[PDB]
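So the structure is just underneath, and the comments pick up after that.
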Amino acid sequence: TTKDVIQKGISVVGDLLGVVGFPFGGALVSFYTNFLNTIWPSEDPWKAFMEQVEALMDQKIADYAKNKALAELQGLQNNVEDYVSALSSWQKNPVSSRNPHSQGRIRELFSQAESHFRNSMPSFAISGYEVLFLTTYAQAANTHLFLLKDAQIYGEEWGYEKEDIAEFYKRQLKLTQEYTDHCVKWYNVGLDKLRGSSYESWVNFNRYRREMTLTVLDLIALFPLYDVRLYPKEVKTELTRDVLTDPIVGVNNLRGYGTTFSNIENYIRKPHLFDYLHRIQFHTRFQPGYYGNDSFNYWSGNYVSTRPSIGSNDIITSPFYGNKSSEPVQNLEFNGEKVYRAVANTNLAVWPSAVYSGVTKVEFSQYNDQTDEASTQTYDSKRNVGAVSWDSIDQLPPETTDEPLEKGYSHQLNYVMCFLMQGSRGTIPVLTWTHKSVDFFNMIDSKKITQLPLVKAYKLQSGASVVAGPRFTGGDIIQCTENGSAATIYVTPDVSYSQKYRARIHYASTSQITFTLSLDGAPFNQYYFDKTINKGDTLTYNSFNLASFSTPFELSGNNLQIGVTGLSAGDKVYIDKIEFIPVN
């Protein structure tokens, strides 16, 4: 269920990934048309976003609050549509038909929409309904900010006063912070409200966490890239966060046997450097049926192997998960394959006073971007397979239903982990996924501003570690507690010639610090950076600073090392991303 809103959520983020930073006019208009068809066609999507959280929370919005929200939204739709048609005409029409009279038409259309947004926002955040309005607020907030940046692109062409464009920009800055912070605060409120002790508690908890990531968290991660002044070129970026699909189970009610909340949540993958699915070792066991004829084999346990980020080749192999095989082991290898789908079969045996159920078959859809070919790999228990009951596509829809799945998919398989039920009753598999936007090669684009998340590093040092992200950066971050090296990340230059770059860093620090950059062990850039937080502060939007290094440089190597100094006992530095700006 709710796949509709999930698809819309996924698609918008996927489309925005193409118009982030300073977009070219044609691209901006194209975006806007899909945007209007997806998010702003009628009241249906908005109604579905409210129902979505109501379902996750098992609570309802007071009818009056629901109706007012929908009323505001009808009005905002007209404002957006009227605006887009005018913008579309403006781009299309030559720099001749631009008379003072048409300029005033577009200026007032724009002023109306922007103003209507600021006025309406509070309606999506009424006291007591903050969490339930989250996806609605997130989508409305996004529209407001995306709309705002247009004033910095076309402001002068439209004949706006210098004062007007500037007023819009300050307003954009303030709202980027507020909207981001509002979303994280209420996101967390909702998350804590769902923490329980039962297996059923964890499924709900995790479903909320995944759905809020796809519709809210992924979106707010893009907000900063709408600043066309800081990002005067197109931006190459990616989302590095993990999402866990619902557990694969044969029965709807496990009658108390489900793995406890703590035995799941405390054991899922913790903040780690980015990696990719390399190999899976399937363990099978025999489940006897009370009458023999109803027996079946099932997936009892597993081993998983991942390969690190580019720059390192040593394979990481997981501890054993679940139960050892009673049957012959099955191994599937994925080196250079992207698993974009997983479809599973389950089966059950009804005993006089017990029910036994397990995953009997798993078909993986893979795509090889090198040899531009899709294919499948499957796990088969070999005995009494039953029927398909679980499809990843229901939880992780494609970015586009236009192209074939091997092209339009939104996520790939990263991890597999088997949990044991209570009372030796069976196995529960849990799958972890990563976003499609992740570039394996860590490629530095010669025409765009490239954002490199630090989690893409292949080596941490001097006691640097991966820490849970503040929920608004699209992934995790690096924590530095000691003076010295911190991370080594492998970089792939896209051009052969001596292209020069400027580097920018997105960080948070308890003290004034010095960042040093080295290529293949040789220092090339060193600079001074401001303190952004006090010891013990929690990380919100304003905790981070984006600062440039003075001198330009060439990519005369691949191994980028970031070093930190100037820390005192108790000081902490958090690194989110390193950016590259193509310069002449």
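Numbers in the entry's author numbering are just positions in the sequence shown, counted from 1, shifted up by 60.
C-beta atoms are modelled at their ideal positions from N, C-alpha and C, and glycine is treated no differently.
Measuring CA to CA, which of the options is closest to residue i?
| i | options | result |
| --- | --- | --- |
| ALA129 | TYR189, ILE70, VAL79, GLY219 | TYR189 |
| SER175 | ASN159, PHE479, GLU227, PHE193 | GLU227 |
| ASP536 | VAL551, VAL89, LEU512 | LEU512 |
| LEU205 | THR195, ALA173, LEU192 | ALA173 |
| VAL295 | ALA201, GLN119, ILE504 | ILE504 |
| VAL403 | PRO412, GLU423, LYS384, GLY418 | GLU423 |
| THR541 | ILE573, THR510, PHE95, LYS253 | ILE573 |
| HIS566 | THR273, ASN605, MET477 | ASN605 |
| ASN94 | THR297, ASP75, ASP631 | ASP75 |
| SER187 | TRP246, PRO160, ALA198, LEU254 | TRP246 |
| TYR416 | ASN313, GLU103, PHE589 | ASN313 |
| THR460 | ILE70, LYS63, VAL65 | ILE70 |
| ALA434 | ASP451, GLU397, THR420, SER449 | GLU397 |
| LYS68 | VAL80, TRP100, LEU116 | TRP100 |
| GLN437 | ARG339, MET481, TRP493, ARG531 | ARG339 |
| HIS471 | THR300, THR600, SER365 | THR300 |
| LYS591 | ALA582, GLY581, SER603 | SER603 |
| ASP580 | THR600, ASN202, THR548 | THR548 |
| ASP374 | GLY382, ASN395, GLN390 | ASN395 |
| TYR475 | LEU277, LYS519, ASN127, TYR363 | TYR363 |
| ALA607 | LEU290, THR366, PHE177, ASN264 | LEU290 |
| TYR427 | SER413, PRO412, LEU473, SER449 | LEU473 |
| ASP432 | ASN405, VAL445, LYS467, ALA414 | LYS467 |
| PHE91 | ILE376, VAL527, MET117, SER145 | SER145 |
Mind checking residue i: buried by the 16 CB within 10 Å criterion, or exposed?
| i | result |
| --- | --- |
| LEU233 | exposed |
| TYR239 | buried |
| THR487 | buried |
| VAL555 | exposed |
| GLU639 | buried |
| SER369 | buried |
| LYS516 | buried |
| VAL410 | exposed |
| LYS253 | exposed |
| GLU271 | buried |
| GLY85 | exposed |
| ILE121 | buried |
| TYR336 | buried |
| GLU217 | exposed |
| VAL419 | buried |
| residue 52 | No answer is possible for residue 52: it lies beyond the span of the chain, which begins at 61 and ends at 644. |
| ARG255 | exposed |
What residues are listed by DSSP as bridge partners for residue i?
| i | result |
| --- | --- |
| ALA409 | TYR416 |
| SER578 | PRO583, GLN621 |
| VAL643 | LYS560 |
| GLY81 | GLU294 |
| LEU491 | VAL476 |
| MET503 | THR552 |
| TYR634 | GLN539, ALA568 |
| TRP359 | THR344 |
| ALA402 | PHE424 |
| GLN437 | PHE424 |
| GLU393 | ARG339 |
| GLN511 | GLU639 |
| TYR588 | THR574 |
| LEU606 | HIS566 |
| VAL498 | According to DSSP, which records beta bridges pairwise, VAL498 is partnered with nothing at all. |
| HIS471 | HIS495 |
| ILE376 | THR366 |
Anyone know if the C-beta pair for residue i and residue j falls short of 8 Å?
| i | j | result |
| --- | --- | --- |
| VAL72 | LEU147 | no |
| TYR400 | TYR317 | no |
| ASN594 | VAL551 | no |
| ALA546 | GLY626 | no |
| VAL311 | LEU408 | yes |
| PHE575 | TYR557 | no |
| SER257 | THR195 | no |
| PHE589 | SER569 | yes |
| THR533 | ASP636 | yes |
| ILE641 | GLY81 | no |
| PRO292 | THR236 | no |
| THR203 | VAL155 | no |
| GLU298 | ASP429 | no |
| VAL276 | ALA185 | no |
* Asked: Counting pairs of Cβ atoms below 8 Å between the region 602-613 and the region 548-568, do you hit three or more?
  -> Contact holds: three or more Cβ-Cβ distances are below 8 Å.
* To do: Evaluate the contact criterion for the region 351-368 versus the region 434-450: three or more CB pairs, one atom per stretch, below 8 Å.
  => In this structure the region 351-368 lies against the region 434-450, because at least three pairs of beta carbons, one per stretch, are closer than 8 Å.
* Counting Cβ pairs closer than 8 Å, one from the region 287-307 and one from the region 484-501, do we hit at least three? -> Between the region 287-307 and the region 484-501 there are three or more C-beta pairs closer than 8 Å, enough to call the two in contact.
* Asked: Touching or not, the region 332-344 and the region 384-394, by the rule of three or more beta carbon pairs under 8 Å?
  -> Yes, since at least three Cβ pairs between the region 332-344 and the region 384-394 fall closer than 8 Å, the two stretches touch.
* Touch check for the region 153-164 and the region 206-213: three-plus C-beta pairs under 8 Å? -> Segments in contact, no.
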